[PDB]
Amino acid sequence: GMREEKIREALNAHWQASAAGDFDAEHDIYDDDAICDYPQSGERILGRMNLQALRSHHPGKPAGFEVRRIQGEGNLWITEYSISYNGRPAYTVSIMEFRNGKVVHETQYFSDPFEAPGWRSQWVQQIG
């Protein structure tokens, strides 16, 4: 059927909204009681309203945004993407759990680039 492709459509629009700084559009995808976790800091945000207000406040719209990859099966979705402010990018992961077509739980990680180490160069492909 269309179920996964419908989620993927919603996700494409979500990320477009995020790049565009359309905070309303960016939060359309969430259940009202959606939770958003940052495990790196132990923080949990409760509710679509709170999530939108917090994001809109800071850091606000990214200066740079690009989706790397979106994978999903059933109600489990994961988006790999880059966001950047001040010429400092973050390799970002958003793990989303859906119910009835809406996000009920998002978990985000924000990671730094690192240099491919010389020692294993002979054994890796550089794919970007």
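The numbering used is simple: start at 1 and walk along the sequence shown.
Taking only CA atoms, the mean B-factor in the PDB entry is higher for 54-62 than for the other of 93-101 and 54-62. Comparing 10-18 with 113-121, the higher mean C-alpha B-factor in the PDB entry belongs to 113-121. When the CA B factors of the chain's modelled residues are split into thirds, the value for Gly87 lands in the lowest one. Annotation for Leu46: CA B-factor lies in the highest third of the chain's modelled residues.
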